[PDB]
Amino acid sequence: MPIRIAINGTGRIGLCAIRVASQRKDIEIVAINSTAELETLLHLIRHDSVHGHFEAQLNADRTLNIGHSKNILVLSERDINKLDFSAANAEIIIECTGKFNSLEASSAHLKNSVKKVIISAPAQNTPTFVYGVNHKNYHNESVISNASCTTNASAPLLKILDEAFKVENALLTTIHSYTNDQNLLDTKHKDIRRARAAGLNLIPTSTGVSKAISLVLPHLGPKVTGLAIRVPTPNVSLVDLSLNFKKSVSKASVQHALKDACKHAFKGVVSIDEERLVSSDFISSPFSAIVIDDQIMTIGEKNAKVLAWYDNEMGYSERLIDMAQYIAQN
Amino acid sequence: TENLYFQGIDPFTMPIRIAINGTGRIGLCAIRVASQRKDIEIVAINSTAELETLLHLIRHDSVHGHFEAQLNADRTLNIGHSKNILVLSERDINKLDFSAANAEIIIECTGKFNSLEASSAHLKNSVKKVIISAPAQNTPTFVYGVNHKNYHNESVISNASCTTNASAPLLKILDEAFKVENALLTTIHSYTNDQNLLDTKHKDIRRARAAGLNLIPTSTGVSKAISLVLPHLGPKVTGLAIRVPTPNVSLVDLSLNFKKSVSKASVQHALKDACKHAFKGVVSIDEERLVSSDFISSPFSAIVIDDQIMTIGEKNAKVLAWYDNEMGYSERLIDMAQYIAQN
Amino acid sequence: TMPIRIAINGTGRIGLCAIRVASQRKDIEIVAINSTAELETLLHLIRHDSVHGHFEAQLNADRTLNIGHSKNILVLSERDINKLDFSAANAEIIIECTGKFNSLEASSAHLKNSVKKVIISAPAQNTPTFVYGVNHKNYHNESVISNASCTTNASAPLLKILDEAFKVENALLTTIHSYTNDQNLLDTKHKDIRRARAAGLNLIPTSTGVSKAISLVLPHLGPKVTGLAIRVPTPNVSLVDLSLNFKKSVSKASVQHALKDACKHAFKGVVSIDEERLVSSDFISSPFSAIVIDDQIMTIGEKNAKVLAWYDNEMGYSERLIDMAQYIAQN
Amino acid sequence: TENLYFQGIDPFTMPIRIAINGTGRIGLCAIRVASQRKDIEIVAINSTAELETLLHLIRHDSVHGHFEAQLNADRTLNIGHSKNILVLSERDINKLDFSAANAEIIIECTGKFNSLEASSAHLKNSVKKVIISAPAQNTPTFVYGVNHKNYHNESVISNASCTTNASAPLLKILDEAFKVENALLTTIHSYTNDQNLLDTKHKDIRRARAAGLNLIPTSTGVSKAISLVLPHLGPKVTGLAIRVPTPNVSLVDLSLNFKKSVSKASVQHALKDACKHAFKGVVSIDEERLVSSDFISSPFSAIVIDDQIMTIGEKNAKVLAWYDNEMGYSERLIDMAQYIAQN
Ligand SMILES: NC(=O)c1ccc[n+]([C@@H]2O[C@H](COP(=O)([O-])OP(=O)(O)OC[C@H]3O[C@@H](n4cnc5c(N)ncnc54)[C@H](OP(=O)(O)O)[C@@H]3O)[C@@H](O)[C@H]2O)c1
Ligand SMILES: NC(=O)c1ccc[n+]([C@@H]2O[C@H](COP(=O)([O-])OP(=O)(O)OC[C@H]3O[C@@H](n4cnc5c(N)ncnc54)[C@H](OP(=O)(O)O)[C@@H]3O)[C@@H](O)[C@H]2O)c1
Ligand SMILES: NC(=O)c1ccc[n+]([C@@H]2O[C@H](COP(=O)([O-])OP(=O)(O)OC[C@H]3O[C@@H](n4cnc5c(N)ncnc54)[C@H](OP(=O)(O)O)[C@@H]3O)[C@@H](O)[C@H]2O)c1
Ligand SMILES: NC(=O)c1ccc[n+]([C@@H]2O[C@H](COP(=O)([O-])OP(=O)(O)OC[C@H]3O[C@@H](n4cnc5c(N)ncnc54)[C@H](OP(=O)(O)O)[C@@H]3O)[C@@H](O)[C@H]2O)c1
C-alpha cells in the first residue's frame, strides 16, 4: 500500500509539498491541515502566480482529489494537541507551518498511527538530514529536520567538491528570492532589514551557514560560513560558493567533478546547466542544485567560485517527499 | 492641565496636541507630516513596534527617502516641531491612555477601530476628538475641501479613504460646472499592507495573490463613500479598484456623463480654475507629462493629468488624476486636525 | 488538403508567440521564419520564455527548425524586405511581426510569386483591418490586411456583444496594459516622454487611437467610443475597462447573461468568462481575445455599466493572428 | 580663447570647462553632479535626445527625484553653477566640435568610443583631456583614491567600471592591512541600459532575458580591471556579476584569503580607519542596518556593510559594500575632472 502522509500547514511549502506528493504513485496524501477555508485552499492549490495552474478537485464528501491521492481529509485546527491525523491513518507528517520547528514542539504529532515527522525547516535539538548528503545515516529517528532550502543546495556542492579536492575553507552567499518572512512594504519586523519592502530592495540577512553544515557535514562546519541577500524575485534562488582547496583545481577539473557526481552519487539531486539559462527557467525545477557550468572560475592554484540555481520552493519540496519515501522504508 | 504647567507649557499659546495611534504606513506618514506643521504638536505615539524600530522606520523609507528624527535621553522622540513625543506600546484601546500627554485629538491609524463604537473608546479626559484614517461604520465622514465646512463639533470623525479624497473633489468641481448625471470610477492603485507578498491565505482570494506580480481587481464602496460627502451624487456614481505592482502612488480614472455639454478645453478650464480658488492646496494640474513616481510625496489630494482629458458624444468625459495614497491622505489628516481643533 | 504554408517575419514578442501558436495548428505549416537573431539565439528564445515557460523545439541537421507540426522551417536573416524572398519555401501567407512595415505600401513588398496574402501584426496605414469574430466575415479576398492592436481584439468583441444586446450610445475605454518592447527599462531618450520613463517603476498614461480603431471594425460605434492606456509594471497580460452608456436599460444580471450567452454562440473560442476570481498571472498564455471578469460587472442608474476583461496581449493576439491566417487562406 | 573674452569670462579665474558626451544614465547623472560643483562649468552637452526631452530627463528621475534645470531663450541650458550650456546633437564624433564652447575636458558617456583610438577623436583646439565613463581598450585607467595620483598628464583616460570603483578601494585597504593572497568577487548589480525589458534578441543570451523578472549571471573582466589600477593584485582576484530586478544601487561581495590573520573586529577597524584618512569621501561605513534604496544618490564609491563582515579559518573574510552605480561613479568622474585639470 502507498505511504500514508499528512501535510501540516498550507502556505508556500505546504502547497508545493501537496503538489509534489500528489504526483508520486508510491505516496498517498491522506490528510491536510489548513487555516485557510476549504474553498481557498483548493483555489491556492489550483492557481499559483509563479508555478501556474494545477489539476485539483473536490469530492462530494468534501475531501480533496489530486493526482494519485483521491481521498484527502481536510482539517483546520491550529492547536497541535487537538489535531489528530490518526483519524486518516497517517504514518508520516510533513510539518510546514514554521511554528513547530523544534524537537519538543513537533513531537506532539506522534500519537496512534503517526510514527514519523519531517520538519520543513532547521529545527532546535532535531536530527537533521539532507537527501544525497547524509540521509543514509538516518536510523529510524521519529522526528527529523529537512534543513533549509539553502543547505539542500549548498551541502551537495560542498560534499562533491570536498571529496574531489578537500575543502580548506569556503564562503557562501545566497542571492535569494523573497519569502513570506519578509514585508510587502516598510513596516514593523523583528529584523529591521526585512522590515523594508521586499520588492524594492536588496536585503542582506544573516543565515546560520556554519551551524547548518555542521549537522550534515560535521568536518566542514567549522570551515564554512556565509550570508544571504534577499532580492526582488518571487521564487528561485542562487547559491554562490567561494572555495579554498588543498588540491589544485581548474575550470575544467571543477566542471568535470561536478558533472561526474550528477551522473552518479547525486543523480536526480544535482544537475548542470550548459544552456545559459536564467532564474525564471528553473521555476518548478526538481533539483536541489543546478550548477551554472559556464560561470565556474578559478584563481591561483586552489580557489574556485561555483554558482548554482535552486527553486527554493519546489526543489526543497521534492526533497521533502523524497525523504518521506526514504524514511518510510529505512 | 497641571501636567502642561509643570513642563513650562502655556495652555493658551500651545500648539494643537495630537497623538498618533498605529505606526504602519499612514501612521508613519502622519508622524512625518505633523512634525513639519508649526501649529501642531505630536505629544504621543502608540506603536506595536519596538521603540528603536519605530525610530528606524520614521527615519528611512524605501519610497519617501530619509527623514531627520532623534531619540531623547528619556525615551521620547524628537522630530521637527514635536520635541517630546511620548511613545507607548499598548494594543488594548481601553488601557491606552493619551490623557497622560494631554492629547486633544487622536489620529487613528491602526485599521482596527474603524467604527464609531470602537474609536469612541479613545475619548477620556483631555481627549475630545478622533480622526479615523479610513472609512468607518456609523461615523460622520468629512473630506477636506468637499464637505469639511459642515463639520459641527463631532467628537469622532472619518477622513474617508485615499480614493475618496482624490475622487470627491473632482466630482464636486465637475458637478458644479456641468451637472453629473452618472459616473464610473476605476482606481489603479499601488499595493498596500492589506495585500500579500506571495500566494497565501487571505479572506479575499484575489488579494491572496502575490501583490508584486499581479493586477488585482478588488471591490471598493464608492457609492456609499460619495453618498456621505456629496449626497446628491452617491446614487449616481460607482466603481472598483485594480491593485497593481507599484509600492505607492495611485491613479483615479473617472468616466463621466454630464447634463451640460463639454469639451476637453472646457473641462481643463473648470479644473484649473478650481485649483486656483476653492481647492487651492488640495487639487492641482499636471501639464508636464509626468508619470507615477514623480508624485511621490505630493501633498495634493489629486493631480489632474491635463493632457489626457478626453470628451465624446457631447456629454461624456474621461478624467485621470494622480495621488500619493500615503502622503496626500496624511496631509489631509493633519489639515483636518488643524481644522477641527479651532472650527 | 495540404496545410496552409505560412512564413513569419520578425522574431520579437509577437513573432515568437506566432511561431509557437502556428506550430500547434495541424492545418498550418510554418515553412519559413525571418529573424535578425542568430539561429541559435532564435532557437533559444523559442524554447525558453521568462513569462510563458519552456517549449519543445529542435534543430535539424540541415539547419531548419522543427517545432510540433512544422518540421522543416527555413530560417532566414534578411532585414531588407526587397531582398527577402519567401517564395524560396513556397509561402502563401505572411505574418508580418517586425513593426517596421505597418502600412499598405510597405508590406505589399512581400507579395511575389507564391506569396499572395499578408497579415500585419498591428494597426496599419491605409490597410483593410479585420478582427476575428467582429468583422472578419466581411473579408473579401484582400491581399494585405491588418489584425489590429491587442486592445482592439479584446475591446471590439465586448463592444459588439453589448451593442447588439443594449445599443451603445457612448463608451469610454481604459486599458491597464503590461509593458511592451516599445518602452524603456530605465529613464532615457524616447519620442514619447512618458514612455521614456522606467517601465518597471511607473504607471504610464499613453495615447492609443481607440475611436479610429473601432471605426475600422465597428463603423457605427467609432464616433461614440474613445479612451486611453495606462502602462504598468507587469510583463504580460492586460486588462480592458469599459464604461458604457446604453439606450436600453441594464442590470448586473442582464449584462452577465448577454456576455455568457455570446461566449456559447457567436464568440465561442474568442470571448470567455471567469467566475473563479482569478488575477492577471492566471491568464498567461490564455488563447482568448477577452476574458470577462463576471463578478466585477456593475451598473449605475438605468443605462450605465462597467465591464472588465483580461487578455494575454501576446498569446491571445497571436492565436487570433493564426485563426485569421486559417480564415483568409480558404475565403 | 577669443570666445571667452567676448562673453565676459576671464580665462585666468574661470571654472574648469567640461563637456558631456551622451545623455543616458551616466551622462544625466554627470550633468547633475557637475552642475553642483562651483569649480566646474558644463559648457556643452551633446545629446541624441531632442533638446526638450533632455531637459525633461535632467529634471525628472524615477529613482533620483526632481532636479532644478532651466532653458534660456537662446537654447542654452541653465543648471546650478553652469548657466550657459551649449546643447549639441551630433552622433558623428569627427563632426562634433566642443572647441566651439572652449571645452578643456570631455566626459565620454555614450559607451560607443570606449577605446584610446576612438575617444582621441575628441582632441581638438581647446580640448586636451578625455575621461571615458567605462573600461576602455589600450587606455590608461585610473580610479580615484586607488591610483589617481599616478596620473601624469595623459590626454585620454578611463575611469574604469562602477564595480572597479567600488571593489578596488576595498581591495587596496584590505591588502595594505592584511596582504591579499586571493579573492573572489561577486557583484549583485542593478539592471542597466545594456539589458532588455522583455525576452528578445541580444548578443549575450542571458541579457536577452527580461531584466525585471530574472537574476542574470553575466561575465565581467575583474582580473583585467584590477590589474590596471592595482597591478600586484590583478593575478590574484577574479569574479562575475549577477544582474537583478532593481533599477539602481548595487552590492559588491568580496570573499578574501589573506596572509595575515584577521577577525571581524580587525577588518571593521581597518575599514573604518581608512574611511577617516586615505579614503575620506570615497569609502564609508554603514552602521545603521540600511538596505539598497537607502543609498540612492550616495556619493561614495563604496559603503561597507559593517555588521555583515564575517571571517573564518584564521585567514578568510567576506566583505559587502553598497554603491550607487550611477551617482557614486558620476561623483568620481567629476572628481577626476577636477583632479586632472590641475595636477
Ligand atoms: N522557500 C521557502 O519558502 C522555504 C524553503 C525551505 C524552508 N522553509 C521553511 O518553511 C516554513 C514555512 O515557510 P513557508 O515558506 O511555507 O511560509 P508561509 O507561506 O508563511 O507558510 C506558513 C503557513 O502556515 C500557516 N500556519 C501557521 N500556524 C499554523 C498552524 N498551527 N496550523 C496550520 N497552519 C498554520 C500560516 O497561516 P496563518 O497566517 O493562518 O498563520 C501560513 O500560511 C518556515 O519555517 C520556513 O523557514 C521555507
Ligand atoms: N494608501 C494607504 O495605505 C491608505 C490610505 C488611506 C487610508 N488607509 C487606511 O488606513 C488604515 C491603516 O492602513 P495602513 O496602510 O497604515 O496599514 P498598515 O501599514 O498595516 O498599518 C497598520 C498598523 O497598525 C498596527 N496595529 C494594529 N492594531 C494595533 C493596535 N491595537 N494598537 C497599535 N497598533 C496597532 C499594526 O501593527 P501590527 O502589525 O503589530 O498589528 C500595523 O503596523 C487602514 O484601514 C487603511 O485602509 C490606507
Ligand atoms: N503585446 C504585444 O507585444 C503586441 C500585441 C499586439 C500587437 N503588437 C505589435 O506587434 C509589433 C511588434 O511588437 P513586438 O512586441 O513583437 O515587438 P518587439 O518585441 O520589439 O520585436 C520586434 C522585432 O522586430 C525585429 N525587426 C525589426 N525590423 C526587422 C526587419 N526588417 N526584419 C526582421 N526583423 C526585424 C526587431 O529585431 P531588431 O532588434 O534586430 O531590430 C525586433 O526583435 C508592433 O507593431 C506592436 O505594436 C504587439
Ligand atoms: N551604472 C551604470 O549605468 C554605469 C556605471 C559605470 C559605467 N557605465 C558605462 O558608461 C557607459 C554609459 O552607460 P549608461 O548606463 O549611461 O548607458 P545608456 O543609458 O545606454 O546611455 C548611453 C547613451 O549614449 C547615446 N549615444 C550612443 N551613441 C551616441 C553618439 N554617437 N553620440 C551621442 N550619444 C550617443 C545613446 O542614445 P541613442 O539611443 O540615441 O544611441 C544612449 O542614450 C557604458 O559603457 C556603461 O557600461 C555605466
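The basis for the numbers below is simple: all heavy atoms, side chains too, and nothing from hydrogens, waters or symmetry mates. In the text below, chain A, chain B and the rest are named by the order of the sequence lines, each starting its count at 1. Counting starts at 1 for both ligands and their atoms, in listed order.
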With a 4.5 Å cut-off on side-chain heavy atoms, are D:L57 and D:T23 touching?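 Side chain of D:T23 against side chain of D:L57, heavy atoms only: no contact under 4.5 Å found.
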Is there a side-chain contact between C:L239 and C:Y311 in this structure, where contact means two heavy atoms from C-beta onward sitting under 4.5 Å apart? no
Contacts of B:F98 meeting ring-ring contact (aromatic ring centres under 6.0 Å, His included) (sequence neighbours excluded), chain-then-number -> none
B:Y191: what forms a ring-ring contact (aromatic ring centres under 6.0 Å, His included) with it, not counting sequence neighbours? none
Present, as a list of atom pairs with distances to 0.1 Å, all nitrogen or oxygen contacts under 3.5 Å between ligand 2 and the protein.
| residue | atom | partner | partner atom | Å |
| --- | --- | --- | --- | --- |
| ligand 2 | 1 (N) | B:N325 | O | 3.4 |
| ligand 2 | 1 (N) | B:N325 | ND2 | 2.8 |
| ligand 2 | 10 (O) | B:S133 | O | 2.9 |
| ligand 2 | 10 (O) | B:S133 | OG | 3.3 |
| ligand 2 | 16 (O) | B:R25 | N | 3.2 |
| ligand 2 | 16 (O) | B:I26 | N | 3.1 |
| ligand 2 | 19 (O) | B:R25 | N | 3.2 |
| ligand 2 | 19 (O) | B:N193 | ND2 | 2.7 |
| ligand 2 | 24 (O) | B:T110 | O | 3.4 |
| ligand 2 | 31 (N) | B:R91 | O | 2.9 |
| ligand 2 | 37 (O) | B:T48 | OG1 | 3.1 |
| ligand 2 | 40 (O) | B:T48 | OG1 | 2.8 |
| ligand 2 | 40 (O) | B:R91 | NH2 | 2.9 |
| ligand 2 | 41 (O) | B:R91 | NH1 | 2.9 |
| ligand 2 | 45 (O) | B:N114 | ND2 | 3.2 |

Audit row: B:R243, B:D194, salt bridge (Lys or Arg N to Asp or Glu O under 4.0 Å) steps and yes/no: CA-CA 11 Å; B:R243 307 299 191 95; B:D194 128 326; 2.9 Å; yes
Set of side chain to side chain contact (heavy atoms under 4.5 Å, CB included) partners for B:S190, sequence neighbours left out: B:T246, B:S250, B:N325
